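The residues making up each chain are set out below.
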Amino acid sequence: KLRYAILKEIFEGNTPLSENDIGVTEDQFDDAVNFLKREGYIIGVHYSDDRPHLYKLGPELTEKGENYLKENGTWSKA
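Residues numbered from 1 in each chain as written, not as in the entry; some residues may be left out. Heavy atoms only, no water.

Looking at the method field of the entry, one finds solution NMR.

The name that the PDB entry assigns to the protein chain is YjcQ protein, with the source organism given as Bacillus subtilis.

## Remarks on helix α1 (residues 3-13)
The cut-off we apply is this: A 1.4 Å probe rolled over the protein chains alone gives each residue an accessible area, and that area as a share of the maximum for its type sets the label: buried under 20%, exposed over 50%, partly exposed in between. Note on conventions: DSSP H or I runs of at least 4 residues are helices, E runs of at least 2 residues are strands, and numbering of each starts at the N terminus. When checking whether two residues touch, look at their non-hydrogen atoms; a contact exists if any pair is within 4.5 Å.
Three or more residues of α1 are buried, namely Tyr4, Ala5, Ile6, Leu7, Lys8, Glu9 and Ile10. As for α1, its buried residues are in contact with α2 (19-22), α3 (26-39), β1 (42-43), β4 (60-61) and α4 (63-72). After α1 finishes, the residue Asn14 shows a positive phi value of roughly 75°.

## Observations concerning the pattern of salt bridges
Our working rule: Each salt bridge in this description consists of a side-chain nitrogen of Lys or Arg and a carboxyl oxygen of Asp or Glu lying within 4 Å of one another.
Counted by the stated rule, this structure contains eight salt bridges. In this structure, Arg3 engages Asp31 in a salt bridge whose closest nitrogen and oxygen atoms are separated by 2.6 Å. Of this pair, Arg3 sits in helix α1 while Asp31 is found in helix α3, placing the two residues 28 residues apart along the sequence. On the basis of relative accessibility, which here comes to 26%, the residue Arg3 falls in the partly exposed class. Judged by its relative accessible area of 38%, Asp31 is partly exposed. Between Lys8 and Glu9 there is a salt bridge, with its nearest N and O atoms 2.6 Å apart. With a relative accessible area of 9%, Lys8 lands in the buried category. By relative accessible area, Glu9 is classed as buried at 13%. Overlapping salt bridges bring together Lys8, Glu9, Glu12 and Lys77 as one network.

Given below as structure tokens:
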């Protein structure tokens, strides 16, 4: 539901981006990033304190993640 939505925000946002800023809670953003990392949609996810933190350079999209945006792109967001 929010998986593509956050991915799209990453894609054009160029990172980093906040959770409240994209429109979700910490744990929602966290779960999304972790899930997307696991399945292989994005890479460059670095853990700091405990949770994933995005920097200004690092989060890279995979072909699968990029292709996913093309299909699930039919979502009114941004």
